[PDB]
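Included below are structure tokens for two forms of one protein chain, each presented in isolation as structure 1 and structure 2.
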Structure 1
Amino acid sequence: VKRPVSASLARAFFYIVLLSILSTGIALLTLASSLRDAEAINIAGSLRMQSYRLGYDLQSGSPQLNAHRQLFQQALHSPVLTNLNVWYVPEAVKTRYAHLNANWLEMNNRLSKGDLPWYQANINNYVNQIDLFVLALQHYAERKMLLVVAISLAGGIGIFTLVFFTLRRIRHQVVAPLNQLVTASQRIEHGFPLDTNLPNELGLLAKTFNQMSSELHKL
């Protein structure tokens, strides 16, 4: 016994089941992690409208300006947006977010100084930076949906392939010999050739069979 069927199949079943739970599980993780994407885009997007609302408050001399500045700070630091500071989120997203933070520091100050000229000069570029942040969240959302197809489809192909060759091996090193042992057996049960060369358990069974059978024919 230099190659048991126990180890071979177990081995093959371990690697196949493994990557089936890896590919399948990673895909689910990725879907699950997308549950808060629509919220992040919504909140991230609202920062655009709020930025303009602030300029509108400023231009009108609205008493709401200070409250609205507070709301912007609040929404910019929403749980959903602060959560993006994780390893598995693209650095681009995290980078842009940091940039929105520094921009806001200045914008908030200029607003409090009632500096409308600065605002008029800078608002368009300010809001564009936010808009490119929201665009990056959008792309990141799409990326995840595509990765799930990739992982499922690619892992899938990888599984078919491993299963194709494992099934072919089993057809050849388990089933074929078994059929030979079954024929021989039924023929013996009426009144005395196999694969005794196999390096596995079936090779051995056919060796002993050949022995026990051959001696009977002689007797």
Structure 2
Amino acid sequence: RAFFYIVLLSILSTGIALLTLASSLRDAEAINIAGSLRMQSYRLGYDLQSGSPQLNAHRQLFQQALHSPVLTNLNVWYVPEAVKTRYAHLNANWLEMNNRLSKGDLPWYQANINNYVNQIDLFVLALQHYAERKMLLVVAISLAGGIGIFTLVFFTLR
């Protein structure tokens, strides 16, 4: 009975920790790439102002980053609704921004870029928070697991 509970605990704690860790091996990547969307968005305005030849390539590059695996992989049952919903919004905002950029519309860009980037900012923040809650969970269960086993062994040994 004593050892059964020690193994059960070791398997549960280790299992949940690894399952959460496995769903977090790309949290940092996501935050980086989501983050970059902000720079790319302002770099587009900078291209539009300097008449850079690179405008169209950056347009498509932003689109590619937006729809990167890591970010598309956020549309899964276990990723909170807030993250998936913010992502979806970004995806809609981009269509307008891109269309505006194709029509050379700097005045609309100047007027909207702050809000536009603020939204990306919120998204990135949600990823940040999400990644922290999960890391916390790992902490709580790794802790409780080491404590539980220490307690089970303390009484059993006694």
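Rigid core: the largest C-alpha set superposing within 1.5 Å between the two forms. Residues are numbered by position in structure 1's sequence, first residue being 1.
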task = Would you tell me if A38 moves between structures 1 and 2 by 2 Å or more at its C-alpha, with the rigid core held superposed?
result = no
task = Classify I159 as shifted (yes) or not shifted (no) between structures 1 and 2, where shifted means its C-alpha moves by 2 Å or more with the rigid core superposed.
result = yes
key: Turn angle in ° for the smaller rigid piece between structures 1 and 2   = 21
request  = After lining up the core, report the Cα displacement of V80 between structures 1 and 2 in Å, one decimal place.
outcome  = 0.1
